[PDB]
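Below is one structure, written out as structure tokens, with a few remarks after it.
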Amino acid sequence: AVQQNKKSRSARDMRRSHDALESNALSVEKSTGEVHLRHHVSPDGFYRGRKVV
Amino acid sequence: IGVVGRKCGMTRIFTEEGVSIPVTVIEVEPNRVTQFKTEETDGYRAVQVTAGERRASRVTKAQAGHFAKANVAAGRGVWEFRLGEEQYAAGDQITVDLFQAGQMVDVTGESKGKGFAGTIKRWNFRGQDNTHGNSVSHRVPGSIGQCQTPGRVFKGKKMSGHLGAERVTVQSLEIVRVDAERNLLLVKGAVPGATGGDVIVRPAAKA
Amino acid sequence: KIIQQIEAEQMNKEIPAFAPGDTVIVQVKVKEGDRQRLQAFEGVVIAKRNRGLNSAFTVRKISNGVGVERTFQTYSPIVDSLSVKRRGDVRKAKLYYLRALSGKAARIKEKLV
Amino acid sequence: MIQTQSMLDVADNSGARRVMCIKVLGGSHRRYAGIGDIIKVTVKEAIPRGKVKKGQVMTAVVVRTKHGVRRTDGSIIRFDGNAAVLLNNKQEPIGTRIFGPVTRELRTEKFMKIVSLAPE
Amino acid sequence: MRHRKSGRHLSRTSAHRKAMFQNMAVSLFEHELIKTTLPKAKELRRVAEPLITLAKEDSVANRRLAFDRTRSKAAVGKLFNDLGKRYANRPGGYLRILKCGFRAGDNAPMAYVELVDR
RNA sequence: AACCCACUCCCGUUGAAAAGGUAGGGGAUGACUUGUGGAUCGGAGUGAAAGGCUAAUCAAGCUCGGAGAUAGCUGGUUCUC
RNA sequence: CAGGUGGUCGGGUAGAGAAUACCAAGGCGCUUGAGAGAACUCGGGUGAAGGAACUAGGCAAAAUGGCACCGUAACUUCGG
RNA sequence: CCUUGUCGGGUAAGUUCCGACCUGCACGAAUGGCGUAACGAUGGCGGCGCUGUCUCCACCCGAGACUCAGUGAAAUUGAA
RNA sequence: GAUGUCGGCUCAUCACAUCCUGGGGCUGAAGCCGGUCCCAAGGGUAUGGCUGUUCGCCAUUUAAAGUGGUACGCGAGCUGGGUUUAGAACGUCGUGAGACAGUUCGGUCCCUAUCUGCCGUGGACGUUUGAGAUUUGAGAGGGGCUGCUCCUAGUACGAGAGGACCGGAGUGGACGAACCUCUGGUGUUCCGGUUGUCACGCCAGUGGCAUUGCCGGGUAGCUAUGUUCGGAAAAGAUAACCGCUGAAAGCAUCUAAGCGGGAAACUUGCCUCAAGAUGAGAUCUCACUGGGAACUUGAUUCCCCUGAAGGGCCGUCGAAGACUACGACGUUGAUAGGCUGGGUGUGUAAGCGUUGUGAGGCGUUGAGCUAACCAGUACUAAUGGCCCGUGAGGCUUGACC
Ligand SMILES: [Mg+2]
Ligand SMILES: [Mg+2]
Ligand SMILES: [Mg+2]
Ligand SMILES: [Mg+2]
Ligand SMILES: [Mg+2]
Ligand SMILES: [Mg+2]
Ligand SMILES: [Mg+2]
Ligand SMILES: [Mg+2]
Ligand SMILES: [Mg+2]
Ligand SMILES: [Mg+2]
Ligand SMILES: [Mg+2]
Ligand SMILES: [Mg+2]
Ligand SMILES: [Mg+2]
Ligand SMILES: [Mg+2]
Ligand SMILES: [Mg+2]
Ligand SMILES: [Mg+2]
Ligand SMILES: [Mg+2]
Ligand SMILES: [Mg+2]
Ligand SMILES: [Mg+2]
Ligand SMILES: [Mg+2]
Ligand SMILES: [Mg+2]
Ligand SMILES: [Mg+2]
Ligand SMILES: [Mg+2]
Ligand SMILES: [Mg+2]
Ligand SMILES: [Mg+2]
Ligand SMILES: [Mg+2]
Ligand SMILES: [Mg+2]
Ligand SMILES: [Mg+2]
């Protein structure tokens with residue numbers, strides 16, 4: 001179906017109040033001091049102080 | 001009062017006469033008393049009850065101190081039973097000794113949850129046809145309300161969603177056997193919830 | 001194991017070793033008229049479960065020109081005796097194909113003696 | 001037998017050869033009828049000369065069915081083919097002899113005749 | 001409803017799902033390291049491990065049974081000769097899964113599957 | 001079966017498609033099907049005849065002029081005291 | 001752009017066959033993917049006991065379907 | 001039209017179907033009248049088999065739907 | 001400048017002028033049965049043949065197969081059987097085009113839900129220092145149905161026929177909830193049979209594709225056709241009704257005062273949610289006890305040091321689940337995967353050796369394989385990491401050394 005009246009700025013912006021981002025699962029490698037996602041192989045290829053690739 | 005145990009699957013036992021008695025085996029750890037809520041300090045009267053085997057790393061310091069007033073070293077969960085008149089000390093042990101043969105009981109517990117159920121499954125609605133010209137609608141709900149002057153949909157309308165794990169109680173199930181050695185209760189009938197769950201056993205008031 | 005352990009107490013030896021395709025005879029208790037008696041039910045076994053206490057077999061009999069198949073519980077005290085009169089090779093677990101064959105076509109072969 | 005418009009033969013000598021259920025007696029709307037339950041049948045195919053004519057409304061009791069009868073146990077007697085026994089205006093049988101087996105779950109105070117007359 | 005049902009469809013039919021793990025194992029037993037998707041790696045450990053366990057007993061019947069499900073001469077040769085003897089005293093756990101970021105084109109959680117000793 | 005046609009259910013209806021698709025269906029040596037070229041045109045042609053077809057438009061097309069047709073009928077008609 | 005577009009070559013194994021099921025030569029992975037595996041829709045597989053009681057109507061679905069032999073009724077324009 | 005006219009058959013029950021009655025409002029002989037084998041993607045009934053059509057739906061398999069990343073319309077809309 | 005018209009299916013909600021069940025008055029009500037009229041809406045209130053039909057007539061039940069409203073409920077939930085646009089035909093009217101609320105065949109039913117409404121499930125903040133856990137119940141939902149047999153008793157009543165009131169015991173139908181112990185279904189992830197064809201250098205053995213190629217079975221899970229349970233008992237106030245004392249009106253009088261009995265209705269009693277019940281309730285326990293400056297003084301603001309109780313992130317997952325949310329576990333370790341012993345399902349695996357010319361049979365022979373089931377085991381994967389959440393909890397009055 002279609003609408004009978006357009007939604008105003010307040011009504012539109014209220015809907016997208018629950019639309020945010022969060023990925024703060026970072027961790028610092030003990031050896032290389034490289035930032036990486038937790039429980040993930042680091043971009044260089046180290047996981048808990050061990051080269052794997 | 002009542003007893004908290006675990007559902008552990010159903011079984012069957014045969015008497016000497018020959019009839020088959022479907023049985024639900026309920027494991028009961030010995031239950032410790034955590035509190036005795038007197039009337040003067042709390043209004044109503046009730047007793048807390050707890051099962052065991054929770055690791056020390058999973059209990060908060062507040063709960064550890066709560067289980068320190070009575071030397072319980074308590075475990076998972078805390079349950080409370082309302083009772084008429086019976087004294088209980090801070091540290092006590094509630095076992096299956098209060099039950100006997102017969103002794104119809106009420107068995108509660110979280111039922112097995114269906115993810116998101118339709119109206120045919122949740123409310124036992126009847127479906128439309130399947131061949132006689134029917135359009136895509138084969139299992140969907142039909143009408144909701146009247147045309148012009150309800151002006152809306154009446155609250156409490158039966159619609160689809162979440163045949164859930166909400167608490168439900170089967171009424172007046174008779175106990176077949178009580179084991180004071182293995183700490184088991186044999187209940188004649190079904191028990192809500194899956195095996196390995198949590199179940200509450202209380203004397204039946206409906207009689 | 002608690003449910004696997006309760007069943008062991010109800011298990012008491014009542015049956016011999018048998019398999020599908022045998023022609024067993026079963027003695028079943030009859031409680032009628034305030035007098036207990038046995039009754040002979042002879043047929044051909046067509047199914048078997050081996051769950052433990054939840055074990056059951058199905059035996060097919062042709063009585064008065066009418067077929068009849070009776071499912072029996074293995075460890076019930078109603079099933080008193082179980083004797084094997086014939087055993088033959090069928091190389092299959094469930095002989096449900098015999099529900100259609102009646103006479104000479106429904107003969108159990110004999111490779112096993 | 002177990003539903004309206006359910007063809008079944010009869011277990012009787014003076015009856016027809018095939019009858020059809022038309023009403024399951026009992027409560028408001030009984031969907032099913034087991035062994036030992038009264039039904040209302042219509043004669044669909046009669047023997048060349050018996051006692052019940054073709055196309056007659058009679059009352060019958062179900063004695064066999066492929067669904068089987070369930071006792072207070074995990075054991076069920078399951079036949080292969082349905083059957084019924086006709087009844088008069090009163091609930092006694094019409095014929096004399098009964099063909100095929102019957103079940104001992106049926107015998108009540110009111111059905112001591114057909115159970116005695118049938119070879120089980 | 002999925003209550004205690006094991007195995008994930010991955011939006012593939014049964015034959016594609018079988019043939020995909022059959023071709024993932026045969027590739028894993030050539031390179032000993034694969035950059036694959038995490039859900040595909042969580043199911044690959046239920047296919048390669050039975051083959052590695054089967055490889056610990058050399059026999060004509062065992063080699064034929066292995067070939068029947070990982071059909072490749074090179075993989076059967078790699079088994080029974082290098083694998084199954086290296087892991088002759090390791091009870092289970094023949095490979096590990098290490099999550100590795102996300103995919104570039106899509107966002108698919110990738111994971112490295114690596115044999116435990118290499 | 002190719003080929004032609006389109007009897008039935010479902011899907012699709014903002015579709016992959018301004019008339020289709022998966023299943024089933026009728027003719028399939030003939031009053032057949034089809035490639036190339038040509039003839040019949042607007043109160044005029046063709047029509048195993050439906051008022052069907054005549055470039056997605058048909059109880060008489062498309063385009064340009066009479067023409068800004070005519071409308072006793074709708075709608076609209078803008079600064080102040 | 002699941003549509004329309006005239007004509008030639010057109011292999012192997014089974015099969016009467018240019019049908020149908022697999023392959024050779026040759027060409028393709030159909031220009032968004034990865035997850036989980038609720039309702040509901042679409043295209044399908046199986047079904048305890050009944051067997052059209054559903055419905056405006058056996059609509060849809062289910063079942064038969066091949067080669068050899070035997071045998072085949074009312075009627076008939078004497079072909080069927 | 002009165003009309004589900006009256007009788008019979010089929011079914012337990014038949015405004016539908018088939019065979020008769022003649023009181024044919026308003027049949028009728030080349031706008032053809034009665035019959036007719038074979039032919040019908042034709043209309044209306046009845047029978048065998050068959051079955052999820054239906055009692056009453058239950059499970060399972062793929063494409064949707066739901067979550068993540070990219071691209072990204074629609075009709076409607078006096079203001080909320 | 002459009003409110004889609006009759007029937008059918010799905011889904012219901014409301015009135016009582018009530019069809020059954022419930023409590024009563026009168027009766028030309030002996031009993032069993034009935035007729036009529038008050039109170040009562042708590043729950044129920046049928047399957048078919050015909051017809052497009054609602055309606056109606058039929059055969060068979062049931063305790064009963066209620067009357068109406070709700071656009072003669074319900075097409076942005078489904079059909080298009082009826083009326084019904086275009087084609088065709090019968091009868092009648094009209095010379096004719098054509099017409100008939102006279103008949104018969106055929107005939108496209110669109111929308112991805114923005115805002116009210118409803119079924120579910122989450123995020124933010126508040127409840128006055130902050131957390132973990134349990135909870136009273138303001139209030140709202142769920143349920144309420146009923147037949148048939150036996151004892152009282154063949155007693156009362158009735159010439160006889162015929163036959164209870166009240167009370168007690170048993171097991172049935174419809175409905176609802178829960179669960180796989182059983183009986184089945186499914187179980188394209190387990191084991192076998194086999195047709196066509198391709199392939200592994202060939203024999204054997206095996207694997208693709210042919211709807212899972214076609215099937216025979218089947219673990220867990222799910223499921224009903226299976227297993228169990230429920231409708232109450234009891235208390236209070238009452239409707240109709242039955243009254244006791246009692247005058248007004250020396251009698252009488254159920255009422256004016258007063259005192260009772262009183263039915264599925266009402267309120268408790270049985271089950272679930274329920275302090276966003278901004279009136280935000282209540283018990284147990286745990287955590288924080290350092291300074292400096294400006295400006296104003298519940299004193300406010302800022303700088304440093306501190307970050308506890310716990311929560312979140314993340315990971316292994318769940319009989320929890322659309323996303324969430326909820327439950328368990330992260331080496332203080334059995335949360336998931338694997339491995340070893342079991343159980344189940346399937347059915348004598350492959351290969352060795354003999355009989356036969358050969359298919360085939362035989363020690364090989366309960367062997368082999370065996371998803372989701374149980375027990376054990378750190379072999380693998382869950383990192384002695386990061387972010388939130390602070391530093392003693394404002395002011396008045398009374399008791400209180
Ligand atoms: Mg669940
Ligand atoms: Mg459909
Ligand atoms: Mg509407
Ligand atoms: Mg209003
Ligand atoms: Mg035979
Ligand atoms: Mg396939
Ligand atoms: Mg062409
Ligand atoms: Mg064709
Ligand atoms: Mg045109
Ligand atoms: Mg103009
Ligand atoms: Mg002019
Ligand atoms: Mg060819
Ligand atoms: Mg079936
Ligand atoms: Mg069947
Ligand atoms: Mg019908
Ligand atoms: Mg009907
Ligand atoms: Mg059809
Ligand atoms: Mg003519
Ligand atoms: Mg308008
Ligand atoms: Mg009234
Ligand atoms: Mg009440
Ligand atoms: Mg209406
Ligand atoms: Mg529609
Ligand atoms: Mg016309
Ligand atoms: Mg070979
Ligand atoms: Mg291929
Ligand atoms: Mg509070
Ligand atoms: Mg801490």
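All residue names refer to the structure tokens as shown: chains lettered A, B, ... in order, residues numbered from 1 in each chain, ligands numbered from 1 in order.
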
Alpha helix (DSSP H) per DSSP on the backbone: members of chain C, as a ChimeraX atom specification
/C:2-10

Could you write out that same residue set with C-alpha atoms as a CSV table (one decimal), in the first residue's frame?
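Final output, saved to selection-v5.csv:
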chain,number,residue,atom,x,y,z
C,2,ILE,CA,20.2,-42.4,35.4
C,3,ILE,CA,17.4,-43.4,32.9
C,4,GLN,CA,19.7,-46.0,31.3
C,5,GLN,CA,20.3,-47.4,34.9
C,6,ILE,CA,16.6,-47.6,35.9
C,7,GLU,CA,15.9,-49.7,32.9
C,8,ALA,CA,18.5,-52.3,33.9
C,9,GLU,CA,16.5,-53.2,37.0
C,10,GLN,CA,13.4,-53.9,35.0

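Residues in contact with ligand 18 (atom pairs separated by at most 12 Å; only C-alpha atoms (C1' of nucleotides) and all ligand atoms) are residues 29, 30, 31, 32, 33 and 34 of chain H; 89 of chain I.
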
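Atom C1' of residue 201 of chain I to atom CA of residue 68 of chain E spans 18.6 Å [interatomic distance, one decimal].
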
Hey, which residues sit close to ligand 22? Say within 7 Å, counting only C-alpha atoms (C1' of nucleotides) and all ligand atoms, and write them as a list in words.
residues 71, 72 and 73 of chain I

Please extract the residues of segment 6-59 of chain E with a backbone DSSP assignment of strand (DSSP E) and present them as number ranges by chain.
E: 33-37

Selection above as a file: N, CA, C and O atoms, as an mmCIF file, in the first residue's frame:
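Done, and the output landed in part24.cif:
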data_model
loop_
_atom_site.group_PDB
_atom_site.id
_atom_site.type_symbol
_atom_site.label_atom_id
_atom_site.label_comp_id
_atom_site.auth_asym_id
_atom_site.auth_seq_id
_atom_site.Cartn_x
_atom_site.Cartn_y
_atom_site.Cartn_z
ATOM 1 N N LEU E 33 47.171 -25.743 3.941
ATOM 2 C CA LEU E 33 46.766 -24.418 4.404
ATOM 3 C C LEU E 33 45.843 -23.829 3.350
ATOM 4 O O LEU E 33 46.220 -23.765 2.176
ATOM 5 N N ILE E 34 44.647 -23.409 3.759
ATOM 6 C CA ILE E 34 43.628 -22.904 2.845
ATOM 7 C C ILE E 34 42.999 -21.655 3.449
ATOM 8 O O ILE E 34 42.715 -21.612 4.651
ATOM 9 N N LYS E 35 42.787 -20.645 2.607
ATOM 10 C CA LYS E 35 42.032 -19.442 2.956
ATOM 11 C C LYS E 35 40.590 -19.660 2.509
ATOM 12 O O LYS E 35 40.263 -19.474 1.335
ATOM 13 N N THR E 36 39.725 -20.050 3.447
ATOM 14 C CA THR E 36 38.323 -20.349 3.168
ATOM 15 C C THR E 36 37.435 -19.614 4.167
ATOM 16 O O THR E 36 37.909 -19.027 5.144
ATOM 17 N N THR E 37 36.131 -19.647 3.905
ATOM 18 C CA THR E 37 35.142 -18.990 4.748
ATOM 19 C C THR E 37 34.997 -19.726 6.074
ATOM 20 O O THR E 37 35.147 -20.949 6.147
#

Neighbours of chain C in chain B at 9 Å, counting only C-alpha atoms, as a compact mmCIF listing (two decimals) with C-alpha atoms, in the first residue's frame:
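Generated output (part29.txt):
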# COMPACT_ATOMS: atom_id res chain seq x y z
CA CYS B 8 16.00 -36.33 32.38
CA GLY B 9 13.87 -38.03 29.73
CA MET B 10 10.88 -40.35 29.94
CA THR B 11 10.87 -44.10 30.56
CA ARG B 12 8.39 -46.92 31.21
CA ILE B 13 7.89 -49.45 34.01
CA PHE B 14 5.77 -52.60 34.10
CA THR B 15 3.82 -53.69 37.15
CA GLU B 16 3.09 -57.32 38.05
CA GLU B 17 -0.48 -57.12 36.71
CA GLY B 18 0.73 -56.17 33.21
CA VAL B 19 -0.18 -52.53 32.58
CA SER B 20 2.38 -50.04 31.26
CA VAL B 25 12.31 -39.40 35.50
CA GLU B 27 16.60 -35.95 39.00
CA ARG B 182 19.52 -42.16 43.70
CA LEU B 184 14.76 -39.59 41.71

Determine, counting only C-alpha atoms (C1' of nucleotides), which protein, DNA and RNA residues have an atom within 12 Å of an atom of residue 14 of chain G; residues of the same chain fewer than 4 positions away are not included. Present the result as number ranges by chain.
G: 20-22; I: 195-197

Could you write those residues out with N, CA, C and O atoms (P, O5', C5', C4', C3', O3' and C1' of nucleotides), as a PDB file, in the first residue's frame?
ATOM      1  P     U G  20      14.531 -34.862 -26.069  1.00  0.00           P
ATOM      2  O5'   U G  20      14.650 -36.114 -25.094  1.00  0.00           O
ATOM      3  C5'   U G  20      13.583 -36.463 -24.227  1.00  0.00           C
ATOM      4  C4'   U G  20      13.884 -37.722 -23.455  1.00  0.00           C
ATOM      5  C3'   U G  20      15.213 -37.750 -22.722  1.00  0.00           C
ATOM      6  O3'   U G  20      15.181 -37.036 -21.499  1.00  0.00           O
ATOM      7  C1'   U G  20      14.913 -39.785 -23.879  1.00  0.00           C
ATOM      8  P     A G  21      16.487 -36.256 -20.981  1.00  0.00           P
ATOM      9  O5'   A G  21      17.470 -37.421 -20.524  1.00  0.00           O
ATOM     10  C5'   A G  21      17.138 -38.266 -19.432  1.00  0.00           C
ATOM     11  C4'   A G  21      18.309 -39.111 -18.989  1.00  0.00           C
ATOM     12  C3'   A G  21      19.688 -38.481 -19.116  1.00  0.00           C
ATOM     13  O3'   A G  21      19.941 -37.553 -18.062  1.00  0.00           O
ATOM     14  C1'   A G  21      19.733 -40.670 -20.011  1.00  0.00           C
ATOM     15  P     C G  22      21.325 -37.484 -17.245  1.00  0.00           P
ATOM     16  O5'   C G  22      22.459 -37.474 -18.354  1.00  0.00           O
ATOM     17  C5'   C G  22      23.813 -37.299 -17.976  1.00  0.00           C
ATOM     18  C4'   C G  22      24.616 -38.557 -18.186  1.00  0.00           C
ATOM     19  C3'   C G  22      25.981 -38.354 -18.821  1.00  0.00           C
ATOM     20  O3'   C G  22      26.966 -38.040 -17.853  1.00  0.00           O
ATOM     21  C1'   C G  22      24.819 -40.089 -19.950  1.00  0.00           C
TER      22        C G  22
ATOM     23  P     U I 195      21.469 -53.975 -12.457  1.00  0.00           P
ATOM     24  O5'   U I 195      20.464 -52.996 -13.207  1.00  0.00           O
ATOM     25  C5'   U I 195      19.359 -53.509 -13.933  1.00  0.00           C
ATOM     26  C4'   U I 195      18.738 -52.452 -14.811  1.00  0.00           C
ATOM     27  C3'   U I 195      19.706 -51.639 -15.656  1.00  0.00           C
ATOM     28  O3'   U I 195      20.102 -52.306 -16.838  1.00  0.00           O
ATOM     29  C1'   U I 195      18.228 -50.175 -14.559  1.00  0.00           C
ATOM     30  P     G I 196      21.540 -52.013 -17.487  1.00  0.00           P
ATOM     31  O5'   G I 196      21.419 -50.515 -18.007  1.00  0.00           O
ATOM     32  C5'   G I 196      20.517 -50.179 -19.050  1.00  0.00           C
ATOM     33  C4'   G I 196      20.633 -48.725 -19.432  1.00  0.00           C
ATOM     34  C3'   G I 196      22.044 -48.199 -19.638  1.00  0.00           C
ATOM     35  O3'   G I 196      22.584 -48.535 -20.905  1.00  0.00           O
ATOM     36  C1'   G I 196      20.834 -46.683 -18.297  1.00  0.00           C
ATOM     37  P     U I 197      24.135 -48.933 -21.041  1.00  0.00           P
ATOM     38  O5'   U I 197      24.897 -47.553 -20.832  1.00  0.00           O
ATOM     39  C5'   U I 197      24.737 -46.495 -21.764  1.00  0.00           C
ATOM     40  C4'   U I 197      25.221 -45.181 -21.205  1.00  0.00           C
ATOM     41  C3'   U I 197      26.691 -45.110 -20.838  1.00  0.00           C
ATOM     42  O3'   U I 197      27.531 -44.885 -21.956  1.00  0.00           O
ATOM     43  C1'   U I 197      25.395 -44.188 -19.093  1.00  0.00           C
TER      44        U I 197
END

Which residues are near residue 364 of chain I? Cut-off 12 Å, only C-alpha atoms (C1' of nucleotides), ignore same chain within fewer than 5 positions. Put them as a PyMOL selection string.
chain I and resi 348-354

Please identify every residue of chain C that has at least one atom no more than 8 Å from any atom of chain D, counting only C-alpha atoms, and report them as a PyMOL selection string.
chain C and resi 63-73+99

Test item: residues lying within 8 Å of ligand 20 with only C-alpha atoms (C1' of nucleotides) and all ligand atoms, as a ChimeraX atom specification:
/I:16-18,39-40

Neighbour list for residue 45 of chain F as number ranges by chain, cut-off 12 Å, only C-alpha atoms (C1' of nucleotides), skip fewer than 6 positions in-chain
F: 39, 53-54, 60-61

For the residues in that selection, give me N, CA and C atoms (P, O5', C5', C4', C3', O3' and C1' of nucleotides) as a PDB file, in the first residue's frame.
ATOM      1  P     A F  39       3.842  -3.749 -55.076  1.00  0.00           P
ATOM      2  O5'   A F  39       2.489  -4.555 -55.325  1.00  0.00           O
ATOM      3  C5'   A F  39       1.856  -4.556 -56.597  1.00  0.00           C
ATOM      4  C4'   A F  39       0.421  -5.014 -56.502  1.00  0.00           C
ATOM      5  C3'   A F  39      -0.452  -4.285 -55.493  1.00  0.00           C
ATOM      6  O3'   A F  39      -0.946  -3.049 -55.978  1.00  0.00           O
ATOM      7  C1'   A F  39      -0.758  -6.612 -55.256  1.00  0.00           C
ATOM      8  P     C F  53      -8.753  -6.398 -33.744  1.00  0.00           P
ATOM      9  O5'   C F  53      -7.886  -6.494 -35.074  1.00  0.00           O
ATOM     10  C5'   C F  53      -6.921  -7.522 -35.229  1.00  0.00           C
ATOM     11  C4'   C F  53      -6.242  -7.451 -36.573  1.00  0.00           C
ATOM     12  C3'   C F  53      -5.833  -6.068 -37.047  1.00  0.00           C
ATOM     13  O3'   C F  53      -4.649  -5.593 -36.432  1.00  0.00           O
ATOM     14  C1'   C F  53      -6.904  -7.195 -38.807  1.00  0.00           C
ATOM     15  P     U F  54      -4.463  -4.022 -36.155  1.00  0.00           P
ATOM     16  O5'   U F  54      -4.264  -3.413 -37.609  1.00  0.00           O
ATOM     17  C5'   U F  54      -3.230  -3.899 -38.448  1.00  0.00           C
ATOM     18  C4'   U F  54      -3.326  -3.338 -39.843  1.00  0.00           C
ATOM     19  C3'   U F  54      -3.319  -1.826 -39.957  1.00  0.00           C
ATOM     20  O3'   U F  54      -2.014  -1.282 -39.839  1.00  0.00           O
ATOM     21  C1'   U F  54      -4.973  -2.739 -41.389  1.00  0.00           C
ATOM     22  P     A F  60     -15.436   4.408 -35.477  1.00  0.00           P
ATOM     23  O5'   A F  60     -14.182   3.817 -36.265  1.00  0.00           O
ATOM     24  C5'   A F  60     -13.241   4.677 -36.898  1.00  0.00           C
ATOM     25  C4'   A F  60     -12.738   4.087 -38.194  1.00  0.00           C
ATOM     26  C3'   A F  60     -12.795   4.993 -39.424  1.00  0.00           C
ATOM     27  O3'   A F  60     -11.634   5.799 -39.621  1.00  0.00           O
ATOM     28  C1'   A F  60     -13.765   2.871 -39.919  1.00  0.00           C
ATOM     29  P     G F  61     -10.835   6.530 -38.427  1.00  0.00           P
ATOM     30  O5'   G F  61      -9.935   5.385 -37.780  1.00  0.00           O
ATOM     31  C5'   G F  61      -8.908   5.710 -36.851  1.00  0.00           C
ATOM     32  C4'   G F  61      -7.657   4.886 -37.063  1.00  0.00           C
ATOM     33  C3'   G F  61      -6.338   5.635 -36.947  1.00  0.00           C
ATOM     34  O3'   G F  61      -5.931   5.819 -35.603  1.00  0.00           O
ATOM     35  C1'   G F  61      -6.297   4.204 -38.845  1.00  0.00           C
TER      36        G F  61
END

Could the residues of chain G that have an atom at most 8 Å from chain D be listed as a tab-separated table, each with its closest atom pair and the distance in Å to one decimal, counting only C-alpha atoms (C1' of nucleotides) and ordered by chain and ascending residue number?
residue	atom	partner	partner_atom	distance
G:48	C1'	D:67	CA	7.7
G:49	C1'	D:67	CA	5.4
G:50	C1'	D:3	CA	5.9
G:51	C1'	D:6	CA	7.5
G:53	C1'	D:5	CA	5.9

Compute the set of chain I residues within 10 Å of chain D, using only C-alpha atoms (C1' of nucleotides), and express it as a PyMOL selection string.
chain I and resi 45-48+59-65+146-148+172-174+181-184+225-226

Find the residues around residue 26 of chain H up to 12 Å (only C-alpha atoms (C1' of nucleotides) counted), leave out those fewer than 3 positions away in its own chain, and share them as a list in words.
residues 1 of chain H; 90, 91, 92, 93 and 102 of chain I

Within 12 Å of chain G, which residues of chain E are there when counting only C-alpha atoms (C1' of nucleotides)? Please give them as a PyMOL selection string.
chain E and resi 1-3+5-12+36-40+102-110

With a cut-off of 6 Å and counting only C-alpha atoms (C1' of nucleotides), select all residues of chain B in contact with chain I and give the selection as a PyMOL selection string.
chain B and resi 10-12+22+42+61-63+65-66+134+142-144+146+152-153+155+159-161+171+189-190+192+194
